[PDB]
Each structure stands twice: as C-alpha cells, then as structure tokens.
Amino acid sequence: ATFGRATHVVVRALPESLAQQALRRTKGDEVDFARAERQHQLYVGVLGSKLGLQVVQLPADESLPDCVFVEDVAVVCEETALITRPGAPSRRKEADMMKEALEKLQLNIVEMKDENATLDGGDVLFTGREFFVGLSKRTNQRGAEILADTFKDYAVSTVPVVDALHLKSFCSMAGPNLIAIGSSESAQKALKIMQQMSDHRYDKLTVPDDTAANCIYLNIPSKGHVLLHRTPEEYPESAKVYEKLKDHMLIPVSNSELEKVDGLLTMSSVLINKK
C-alpha cells in the first residue's frame, strides 16, 4: 500500500460526561468542555474539509465518557478491521457503533471476542512494514496474538509499556520510514527494543515532550506528505523539531483539553483506505 494513504476517517462526538467521567491517569486541570468540543471540531475539519477525507461522525453516547477516542476500539489495515476488546471495561461498548460503521464501509470484520484478550488500538504502531504492539495495562499478550492472527501479511512484535497509558503515548509514525519518539527514559528504552526486534532500519524524529511524539502522518493526493502535530503554544520545544520538516506539509492541531484525559492526536480517529 502507499503508506499513510487514506480516503475515509471515523470520528466520534464528545459526550458531556467526558469532562468529569472520562478515565485519566493524572487528576489535573479540569476539562473545559466547550473548548474540547472546539478542538475536536478543528481536528475533524482538518481531516475532512482541508485534507478531503470522507468523514463518518458517530454520535456521542453519554454512557461512554471516552467514546471520542475511536482509535482504541478498532485497528484497520487494508481491507480488514479488527474490532478490539478494549482494556477498560467502561470502554467496551464503544465497539458497538464502531463495528457498525466499519461494516458500512465494507471492511472485512474480525471481532476480538476472547474474554481473556484485551487490546487498545493506541498500543498499536503500524510502521508500513510491521506492527509493534505495546503490552500495557490495557493490552495483553493474547490481544496481541489475535492481532497477529488477523493481519497475517505483517510481522507483529511486542514491546513493554511501563509508565505510560499506551505505546503511542510517546511515539507515532511521522513519515514512511520515520518514527517520532519522545526523550524520556521509558520512551527511549521502548524505541531501542523495537529497533532491536526489527531487521529494518527506521529513522527517528526525536522530540523533548513525549506526548508531542504522537502525530498523524497522511499521504494525500494533491498535497503530499502531511503531518498533524502539536502546536507551539502547547509544546514549544517539540514544535521547533516538527518545524524543521520542510519535506512535509505541517498542520499544527491543538489538543490541550483532551490531553487532560490522556487523549493524544491519534486517539480521535480511525483512518481507512478504500478503493
């Protein structure tokens, strides 16, 4: 496939219950819900209006406070979607509307039904050549095994996630051979493990703020190599690194409110390449 090509994107509206009731590891500043909604609107507007992806917007469900974070409930690779069994019990029913959306996009559907398996899509790094799957408090070995069985055309290897929510809490693909990676002790240890497991030499884009290593790369006809990344207002020292990339069309995207609930850029979309 052309790495990073997409035609469609699934997103989901924020429930009011997110502000107080979404899961979060840090009990920090309160969420400004209206501002979170605006940030989500702008994010969707980049993907759909600016970049031209066909947007499927799922409605909010107030009983699912984290339902905006569609990434965790599906992994899509080519024509196949894995509907995950998220680690958090409060998120499991998010799979219901996602399964229906992906069915309607004509994907082959595989459901993680094994009650001994969990997997969050945020733990999954697809490089274009292979998968790395974080083993975290959300994703277990059996989950990773089911992913490997689902996507047999690609190698799958695992990496411990120790002191973050997900693997992609501190990394993401920034381009076809380019892993964006944080500078923490933990981020760097994870990167070394991924690299030691692969026979492929990846380039890295190292940033000083781990959560600013979570970005979205797209290959869009008529625009080229596009990268959605955190803003200078939010992470000035990491934005300076992204700004050196004259080889990408850079789009700064604000995400401060959802980061209060550990939601990073990748978490709010599921990308699909159809036809």
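Numbering starts at 1 and runs along the sequence shown.
J.: Averaging C-alpha B-factors over each stretch, which comes out higher, 106-114 or 83-91?
T.: Per the deposited B-factors, the answer is 106-114.
J.: Mean CA B-factor: is it higher for 129-137 or for 142-150?
T.: Higher mean C-alpha B-factor: 142-150.
J.: Of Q39, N214, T231, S222, which one's C-alpha B factor is largest in the deposited record?
T.: Top of the list by C-alpha B-factor: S222.
J.: Determine, from the deposited record, the chain-internal third of the Cα B-factor for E237: lowest, middle or highest.
T.: Tercile = middle for this residue's CA B-factor.
J.: Which third of the chain does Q54 land in by C-alpha B-factor: lowest, middle or highest?
T.: Middle third.
J.: How does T7 rank on Cα B-factor within its chain, lowest, middle or highest third?
T.: Answer is middle: the recorded C-alpha B-factor places it there.
J.: Taking the chain's C-alpha temperature factors as the reference, tell me which third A1 falls into: lowest, middle or highest.
T.: It belongs to the highest third of the chain when residues are ordered by C-alpha B-factor.
J.: Looking at the entry's B-factor column for C-alpha atoms only, identify whether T266 ranks in the lowest, middle or highest third of its chain.
T.: Bottom third by C-alpha B-factor.
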